[PDB]
Amino acid sequence: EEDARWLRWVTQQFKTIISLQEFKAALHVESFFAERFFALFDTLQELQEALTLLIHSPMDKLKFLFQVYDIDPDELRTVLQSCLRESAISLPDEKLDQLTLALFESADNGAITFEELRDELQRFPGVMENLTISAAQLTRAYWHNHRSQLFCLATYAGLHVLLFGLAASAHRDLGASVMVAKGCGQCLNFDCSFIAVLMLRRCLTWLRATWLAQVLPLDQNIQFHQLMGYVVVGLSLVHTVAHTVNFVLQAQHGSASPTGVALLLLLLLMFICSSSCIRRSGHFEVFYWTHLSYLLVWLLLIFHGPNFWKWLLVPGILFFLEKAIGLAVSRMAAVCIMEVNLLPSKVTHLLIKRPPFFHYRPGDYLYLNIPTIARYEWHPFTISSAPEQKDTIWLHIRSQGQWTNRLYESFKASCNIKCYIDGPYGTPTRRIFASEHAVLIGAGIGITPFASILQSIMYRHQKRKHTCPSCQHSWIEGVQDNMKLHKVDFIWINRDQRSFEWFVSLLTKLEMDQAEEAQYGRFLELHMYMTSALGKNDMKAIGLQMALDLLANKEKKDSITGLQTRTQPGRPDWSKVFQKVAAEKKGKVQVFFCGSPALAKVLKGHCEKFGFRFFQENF
Amino acid sequence: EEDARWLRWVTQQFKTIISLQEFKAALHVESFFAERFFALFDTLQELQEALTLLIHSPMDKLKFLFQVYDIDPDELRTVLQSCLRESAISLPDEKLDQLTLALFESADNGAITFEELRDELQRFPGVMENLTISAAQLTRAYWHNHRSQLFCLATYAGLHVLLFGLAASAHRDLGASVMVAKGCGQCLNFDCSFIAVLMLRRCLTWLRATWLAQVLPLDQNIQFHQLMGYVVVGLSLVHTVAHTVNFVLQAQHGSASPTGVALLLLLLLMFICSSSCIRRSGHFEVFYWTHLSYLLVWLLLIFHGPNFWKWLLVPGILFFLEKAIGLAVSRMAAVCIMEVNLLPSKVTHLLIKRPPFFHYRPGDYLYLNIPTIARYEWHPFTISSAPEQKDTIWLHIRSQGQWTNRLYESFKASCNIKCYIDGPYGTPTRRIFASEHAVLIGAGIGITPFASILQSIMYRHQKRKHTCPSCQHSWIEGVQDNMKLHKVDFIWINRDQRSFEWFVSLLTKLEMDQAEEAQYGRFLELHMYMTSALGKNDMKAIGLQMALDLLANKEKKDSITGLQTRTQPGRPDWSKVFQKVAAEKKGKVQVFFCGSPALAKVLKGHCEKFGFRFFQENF
Amino acid sequence: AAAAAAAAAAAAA
Amino acid sequence: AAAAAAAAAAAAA
Ligand SMILES: Cc1cc2nc3c(=O)[nH]c(=O)nc-3n(C[C@H](O)[C@H](O)[C@H](O)COP(=O)(O)OP(=O)(O)OC[C@H]3O[C@@H](n4cnc5c(N)ncnc54)[C@H](O)[C@@H]3O)c2cc1C
Ligand SMILES: Cc1cc2nc3c(=O)[nH]c(=O)nc-3n(C[C@H](O)[C@H](O)[C@H](O)COP(=O)(O)OP(=O)(O)OC[C@H]3O[C@@H](n4cnc5c(N)ncnc54)[C@H](O)[C@@H]3O)c2cc1C
Ligand SMILES: NC(=O)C1=CN([C@@H]2O[C@H](COP(=O)(O)OP(=O)(O)OC[C@H]3O[C@@H](n4cnc5c(N)ncnc54)[C@H](OP(=O)(O)O)[C@@H]3O)[C@@H](O)[C@H]2O)C=CC1
Ligand SMILES: NC(=O)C1=CN([C@@H]2O[C@H](COP(=O)(O)OP(=O)(O)OC[C@H]3O[C@@H](n4cnc5c(N)ncnc54)[C@H](OP(=O)(O)O)[C@@H]3O)[C@@H](O)[C@H]2O)C=CC1
Ligand code: HEB
Ligand code: HEB
Ligand code: HEB
Ligand code: HEB
Ligand SMILES: CCCCCCCCCCCC(=O)OC[C@H](COP(=O)([O-])O)OC(=O)CCCCCCCCCCC
Ligand SMILES: CCCCCCCCCCCC(=O)OC[C@H](COP(=O)([O-])O)OC(=O)CCCCCCCCCCC
Ligand SMILES: [Zn+2]
């Protein structure tokens, strides 16, 4: 259809004007494809004849493109770049390089020839069909997601209105500038003291395990802290201008005001150094030191706020209790990063040698620390390797910020770095492994625990396949006191596989490893929806990844043919999905969700309709 | 030897005097045995002839005793009672009844006859040899055990001396009766407030998991509380006599003194009702209600002690925080007691139907509550059933007090009672199952967690024995990611099997179930030392128990013959024990201890000498 | 006594 | 460029 429309537009443009510039003007393009096309064609007769051979046979189009670019690794890469409609979801440049190297290598010792490249391409099972062949805000779901964060902000702002009003009411006598100063002061009392508590990452790991994470957001703490910081830096400035306007009106000693100048300067230091520009530049120790002055802001303020010491006492005792409860070897282990693979789309894969007595459940995160990157920063990362894997511990660290970017870009320029992990934290997932026909649903980017969970499911499910050493009558034993599932679905819904190419390759690996066994029964079904690729024609970058993975583990297309038809574009149709889950009879379905709350309620509705036992796992 | 000495003493007594009273006087005895002996003998010739037949053939002695008691269940029981030198360790009366019923039943429809009873006795493999056949404070180890308790008492008494002295020093102005009253008051402030904290059984379950239990005693809390109670009842009486002597000296309004009379009366109520006589009698709700007045003693005292509210505030906030953190269904489960077996020596065996999602590690206790016994009392009990047992949960509840006695004696007069258990608490024992040639050592009565641990070891070790369904080539697979042990010793040292007859039967059961396999390798070795039976002749009550258990599970004596030679009397010889453990090569020995600290240090010495990795498990 | 009834029940059982 | 050297090294490897 597009070829016919292109031909019609060319015929209309030809009748409207052939020079090289006119040809490019008709094509509405600078184009290396256009210049070589002219050089190989060198009139209306020539253009129509060339187009007819180019229009009226995909392999012929690819040969045409080959001769156009023919003027051999770097050139074939440009051919494949020309043969990809990079529209919504894309093939990462690392995977593109791998694909081009795989074609060029198996084809050929120097440059390749298009004739044998043709049969080499036909030899690839899935590269042909996936290479496109051509020449050239307001929703109820939004508020349903953000109602918890909005209620936290509203409680904060309401408490501030309460304190400001109660202070300005009592101090209504003093005129027009002690009201403002007293209001701002009564606010600062609470703002500082409780800007402390947001950083009890020894207590957030405990509150996150409970159901409280479902009601109040526990992952916004760092940026609620950066918000209390800004309100402090605003209210202290208003406090200071109020107390200097008051002294000016008094114009027309004590240790309260000079400590005030000291606090204003210390806060402007903690506010200038805490910007993004200080950690964006590779200064991760300079940020940490200048913030270490929150002690001096907390010291000067005790000698400033006559009643401040109570505020600072309760959260301050909490905070230093925690900072003391954590010492050098509390739960740390100076493990060694064994290998570091830089997966495509800027994600770092760390294999860190497992500590001997390091036992974790699947879906357990850990706080990672790498002194080469940042000496005092502890970021949390989900263990994306099943516990049954005994040698190493995986972590897939997607570049979402300044520390993780530093980790990647530091390894890219270059692997035994010094690493101090901090223990396994996580909700227990034994509800899953004690179930039947679980339906693991996951949405968005919170699926790194599903990597560990699916790998552990598959390890435990292949562990119950015994093979007799004598007569090799391999049978399948029943439940093994650890696992009970008769079936496991997994539905991954995400806008695109942007940083999760490792996850798509993981789902491909699980389907490869249990599609040789699917003739008699299929245990795991791995769905995938993309919700941004409008039509299956757009999900051709994932077909390329799967056909590329089929060549690291040399297998037949029938291994993936199950996953190819469950890798769908656009949103799901939950009616059909749950109804098919119901059509199978493998136990009592127990949906497990890990995603936003609007989708959580949609699924809870459909689930309690169909009679499944919904859950919402918070990992 | 004893027969010859008896004969010599009889010959000497005969030459010193035969009437029935003279015969009893010579025997130094009322004796049903003596009267029948006279009646069957009816002179020096008769006595010597009867003794010669009685002296110069064990079965003949038993037939003699039979004819003596012959004048048939109750009579045979007396025969066996006569044929047992109940000296240091004993055969419990329930086991005696079982033994007599087992003999009488298999022998015979009415009374039994001694002739066939002879061959019936010879048919029992171990009953013959174990039935004796005849006619008739200051040690460094002590302080090493109690140094922690002594340091706790010394810190308490030193803090009291500090408070009393600091109060009587400042108030040295007021004369000779406000010094005493002020000292006692400054003591009461702390005594009440911190008599609270000892009852944070939601925090003791957390402190007991840690290593702090090794340094300070966490099992004396109830009776440190009963000690702070008595010091409060003494100091408040001295406080009151001081403030009445002071007012008498003032003889020669306010709300401080009448609240004083109220506090004195409330404390005398909490002290009269809290005696032992109130819970010894089956009043377990009356004790709980009258103690519920600690609130009113805590109320009146806020209106009494001007500074008391701070003391009461910190531990009082702690205490009510805990009492609120625990609510109706926090971790409770209104399980049903399936069956109740009353094991011998007053121990109750509860099988409580396991809650579906009740997962515990071996060695995990639980707080049991039975409203029929005591409506508000929660006693802790170790789960003595391996987690692999899926149906029920065992608890062996030895009668050591008033609630446990009430439970037993209530079931004895009589089984679906209402039970609200409270969760699994316990230190992780994965150090054991991840080891090789573990040496579980246990001493005293703290071995109920070793029951669960050994049952779980054996379940997991038999789980790795696969049997091919086709050709039945049964092989033994290697480690299964849960268990690694190649060998497991277990040494149980105790003064006697007083309440632990169930444990001796459990060790017998484990040896029966893995002696049918020992022909090629022996996994578990179960030692037993008795440390109060001076010689192996005394450990004949355990031989009877083992020969009785060999007849519930009909087996050959070769099943136990391993355990019979490892069931030794008197203390161990640790040199030989550890040296034999070293002679075997099954990995690196990892001793695990559960017992007193004097023995812990003895074992740590021997262990670090031999090169094993000592532990001290605190369960 | 109690054990006689026990033997009677065991024989009857 | 950089990828040409990569292909050369891969062929040599
Ligand atoms: C349980 C858990 C598991 C996670 N697992 C992964 C994972 O496997 N891979 C991955 O790429 N990311 C993961 N993250 C999120 C995130 O990328 C890292 O945890 C962390 O943000 C890395 O710091 P950064 O320098 O990239 O962030 P920054 O650039 O410093 O900040 C950017 C964003 O990260 C947040 N952030 C910053 N510092 C922290 C911190 N210390 N803890 C949490 N959030 C922070 C900020 O709120 C902001 O949203 C996980 C988060 C949680 C809570
Ligand atoms: C972890 C743990 C596991 C135990 N497991 C068992 C078991 O399996 N079988 C068994 O017979 N005993 C066990 N006990 C000890 C004891 O018999 C019971 O825990 C409890 O004492 C029963 O109350 P009681 O009425 O018999 O005690 P009481 O007659 O009221 O008191 C007598 C003794 O018991 C202690 N005691 C009283 N109340 C409690 C209480 N609530 N908690 C702890 N100690 C108390 C007193 O300090 C005193 O030493 C265990 C104790 C602990 C700490
Ligand atoms: N405790 C809390 O307060 C939590 C809050 N959140 C909030 O979740 C919000 C959303 O994050 P995000 O996960 O990106 O938003 P979504 O959950 O909307 O995106 C998740 C996936 O669900 C798909 N999806 C959404 N609605 C439907 C539907 N009706 N039927 C089928 N598929 C659907 C989306 O596709 P499409 O692209 O078509 O939407 C997207 O691919 C975040 O802003 C965060 O604040 C997250 C976790 C917990
Ligand atoms: N955290 C703490 O503070 C703890 C304190 N304890 C204290 O432990 C004290 C003792 O309780 P108990 O366990 O009865 O005392 P023991 O530990 O002495 O009795 C335990 C067993 O060990 C045997 N035994 C003792 N010494 C030796 C030895 N040198 N060689 C071989 N066997 C030996 C004893 O036999 P014999 O009969 O010959 O002694 C006894 O059978 C209690 O009073 C309690 O206070 C208990 C646990 C921990
Ligand atoms: C932090 C931050 C901050 C800052 C910066 C400041 C700064 C200041 N400031 Fe201030 N304040 C404050 C915070 C603050 N502040 C507070 C919190 C308070 C308290 C208030 C109350 O409490 O009332 C005050 C208070 C306050 C007062 C009162 C007095 C008393 O003591 O009472 C005054 C006068 C002030 C001044 C001042 C000045 C002058 C300044 C500058 C120079 N100061
Ligand atoms: C005074 C008080 C205060 C203030 C004002 C502040 C203010 C602030 N801040 Fe802060 N912080 C703080 C206090 C504070 N702060 C603390 C305490 C902490 C913690 C640290 C640690 O942990 O050590 C923090 C921390 C923090 C962090 C973390 C780091 C990591 O990553 O890990 C961040 C990001 C921030 C930011 C901030 C900002 C932006 C601001 C504004 C200015 N901080
Ligand atoms: C709990 C027990 C107790 C008791 C029973 C008592 C009882 C009494 N008490 Fe007596 N108190 C007390 C505990 C007490 N308490 C205290 C704790 C105090 C405080 C002291 C101070 O802090 O200094 C007092 C104090 C007191 C005082 C002082 C005053 C004020 O407020 O400062 C007085 C006068 C009294 C009296 C009295 C009396 C008269 C009596 C009897 C009737 N004291
Ligand atoms: C005022 C304060 C006080 C006092 C004085 C006392 C005093 C006393 N206490 Fe008493 N307790 C108490 C407060 C008290 N408390 C408390 C709070 C408790 C807890 C209870 C519950 O937990 O609820 C007790 C508890 C108690 C117990 C536990 C019960 C069971 O077993 O579980 C006992 C045994 C007692 C004893 C006693 C005594 C003997 C005395 C002396 C009188 N404690
Ligand atoms: C353990 C403790 C848990 C605490 C939970 C705290 C939950 C609430 C945290 C709120 C943080 C926040 O606003 O998010 C940063 C936003 C971007 O958020 P998102 O849309 O990416 O989710 O970036 C923004 O756009 C911020 C705009 C917010 C402006 C609010 C002004 C409030 C003024 C108050 C004055 C009294
Ligand atoms: C979580 C908190 C943990 C707290 C740990 C407390 C550890 C110390 C508890 C002391 C309790 C105690 O004394 O034991 C009761 C003894 C019998 O003990 P045992 O010999 O059976 O172990 O029975 C007695 O014989 C008691 C005699 C003690 C007399 C002490 C007098 C002290 C007077 C002080 C006045 C200021
Ligand atoms: Zn076989």
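Residues numbered from 1 in each chain as written, not as in the entry; some residues may be left out. Chains lettered and ligands numbered in written order. Heavy atoms only, no water. Residues with missing side-chain atoms left out of burial classes, pairs and counts.

For this deposited structure, the header cites cryo-EM as the method used and 3.2 Å as the resolution.

A. Local environment of the arrangement of the chains. The protein chains that touch form three pairs of chains, and the pair with the most contacts between them is chains A and B. Nothing in chain C touches chain D, and the closest approach of their C-alpha atoms is 86 Å. (Contact = heavy atoms within 4.5 Å.)

B. Representation of the environment of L301(A). All names here are of chain A. Structurally, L301 can be placed in helix α18 (residues 294-302). Separated by 39 residues in the primary sequence, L301 and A262 have C-alpha atoms spaced 9.6 Å apart. Beyond its immediate stretch of four places on either side in the chain, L301 contacts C192, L263 and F308. (Helix = DSSP H or I, 4+ residues; strand = E, 2+ residues; numbered from the N terminus.)

C. Structural view of the domain arrangement of chain A. Residue and element names in this part refer to chain A. Along its sequence, chain A is carved into domain 1 (2-130), domain 2 (140-325), domain 3 (332-425) and domain 4 (430-532 + 570-616). Computed from C-alpha coordinates alone, the two centres of domain 2 and domain 3 are separated by 33 Å. Taken together, the contacts link 12 residues of domain 2 with 13 residues of domain 3. Summing both partners gives a buried area of about 1100 Å² for domain 2 against domain 3, and 54% of it is carried by carbon and sulfur. When the buried area of domain 2 at its contact with domain 3 is split by residue, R201, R279 and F284 rank highest and sum to 51% of it. There are two salt bridges connecting domain 2 and domain 3. With its nearest N and O atoms 2.9 Å apart, the salt bridge here joins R201 to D422. Applying the counting rule to domain 2 against domain 3 returns four residue pairs in polar contact. Listed by contribution, the elements that provide at least two residues to the side of domain 2 that touches domain 3 are α16 (276-280) and α17 (284-291). Take the side of domain 2 that touches domain 3: its biggest share by element is four residues, from α17. Residues that form the side of domain 2 that touches domain 3 fall into these classes: three nonpolar, four polar and five charged. (Domains from an automatic or database assignment. Buried area = accessible area lost by both parts, 1.4 Å probe. Salt bridge = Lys/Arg side-chain N within 4 Å of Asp/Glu carboxyl O. Polar contact = N/O pair within 3.5 Å; in protein donor to acceptor, adjacent residues only side chain to side chain. Nonpolar A, V, L, I, M, F, W, Y, C, P; charged D, E, K, R; others polar.)

D. Spatial organisation of the coordination of the zinc ion (ligand 11). Within the protein, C468(A) (SG), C471(A) (SG), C468(B) (SG) and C471(B) (SG) serve as the donor atoms for the zinc ion (ligand 11), at 2.3 Å. One way to put it: the four donor atoms around the zinc ion (ligand 11) meet at angles of 100 to 117°, and that makes the site tetrahedral. Highlighted residues: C468(A) in the loop between β9 (465-466) and β10 (475-476) and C468(B) in the loop between β9 (465-466) and β10 (475-476), drawn from two different chains. (Donors = N, O, S within 2.8 Å, 3.2 Å for Na, K, Ca; no water. Tetrahedral: all angles 85-135°; square planar, octahedral: opposite > 155°, others 65-115°.)

E. Layout of the packing of aromatic side chains. Residues and elements named next belong to chain A. Under the defined criterion, the tally for this structure stands at 65 aromatic pairs over all chains. Summarising the aromatic geometry, the rings of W298 and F319 are spaced 5.7 Å apart at their centres and angled 75° between planes, so their arrangement reads as edge-to-face. Placement of the pair is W298 in helix α18 and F319 in helix α19 (residues 308-325), with a sequence separation of 21 residues. Every member of this aromatic cluster is reached through a ring pair, and the members are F450, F490, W492, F500, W502, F503 and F619. (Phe/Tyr/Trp six-rings, centres within 6.5 Å; stacked < 30°, edge-to-face > 60°.)

F. View of the relation of the copies chain B and chain A. In the superposition of chain B on chain A (RMSD 0.0 Å, axial shift 0.0 Å), the rotation amounts to 180°. Such a turn and shift between the copies fits a two-fold axis. Measuring from the rotation axis to each C-alpha of chain B, the shortest distance belongs to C468(B), at 2.9 Å. Of the residues that chain B buries at the interface, 100% are likewise interface residues in chain A, meaning the two copies contact each other through the same surface. (Least-squares fit on C-alpha atoms.)

G. Highlighting the site of ligand 4. All names here are of chain B. Residues in close proximity to ligand 4 total 14 residues, the closest being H146, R495, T531, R571 and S596. Within the side chain of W574, one N or O atom sits 3.4 Å away from a nitrogen atom of ligand 4. Take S596: an N or O atom from its side chain is 2.6 Å from an oxygen atom of ligand 4. Protein chains shield 68% of the accessible area of ligand 4, which is 890 Å² for the free molecule. When the residues that make up the shell around ligand 4 are grouped by side-chain class, the tally is six nonpolar, six polar and two charged. (Near = heavy atom within 4 Å. Areas by Shrake-Rupley, 256 points an atom, 1.4 Å probe, with all protein chains shown as cover.)

H. Representation of the interface of chain B and chain A within the structure. Taken residue by residue, the interface counts 19 residues in chain B and 19 residues in chain A. Here chain B and chain A share an interface that buries about 1600 Å² over both sides, 66% of which is from carbon and sulfur atoms. For chain B, the biggest contributors to the area lost against chain A are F357(B), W475(B) and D481(B); these three give 29% of the whole. Across the chain B-chain A interface, the total number found is two salt bridges.

I. Structural context of the site of ligand 1. All names here are of chain A. As a structural note, the neighbourhood of ligand 1 is formed by 17 residues, with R279, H379, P380, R398 and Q402 the closest of them. A distance of 2.8 Å separates an oxygen atom of ligand 1 from a polar side-chain atom of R279. If ligand 1 stood free it would expose 850 Å²; the protein chains cover 77% of that surface. Residue assignment for the shell around ligand 1 shows that the elements contributing at least two residues are β5 (379-382), β6 (392-398) and α20 (402-413). Ranked by residues supplied to the shell around ligand 1, first place goes to β5 with four residues. Of the residues that constitute the shell around ligand 1, the class distribution is six nonpolar, eight polar and three charged. Two domains each put at least three residues into the shell around ligand 1: domain 2 (140-325) and domain 3 (332-425).

J. The arrangement of the coordination of the iron atom of ligand 5 in detail. Taken together, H239(A) (NE2) and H304(A) (NE2) make up the full set of protein donors to the iron atom of ligand 5, lying 2.6 to 2.7 Å away. Metal-centred angles of 75 to 180° between the six donor atoms at the iron atom of ligand 5 mark the site as irregular.

K. A look at empty space enclosed by the protein. All names here are of chain A. Quantified by volume, the largest cavity comes out at close to 80 Å³. Around the largest cavity sit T205, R208, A209, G363, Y365, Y425, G426, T427, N618 and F619, which together line it. Residue composition of the lining of the largest cavity, by class: four nonpolar, five polar and one charged. Two domains share the lining of the largest cavity, each providing at least three of its residues, namely domain 2 (140-325) and domain 3 (332-425). (1 Å grid on protein atoms, 1.4 Å probe; cavity = no way out; pocket = protein on both sides within 12 Å on 5 of 7 lines; lining within 4 Å. Points joined across faces, edges and corners; volume = space filled by probe spheres on them.)

L. Spatial organisation of a nonpolar patch on the surface. Side chains of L313(A), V314(A), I317(A), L318(A), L321(A) and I325(A) sit close together on the surface and give an oily, nonpolar patch of about 550 Å² of accessible area. The residue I325(A) is located in helix α19 in this model. (Patch = residues over 30% accessible without salt bridge, like charges linked within 9 Å, V, L, I, M, F, W, Y side chains within 5 Å.)

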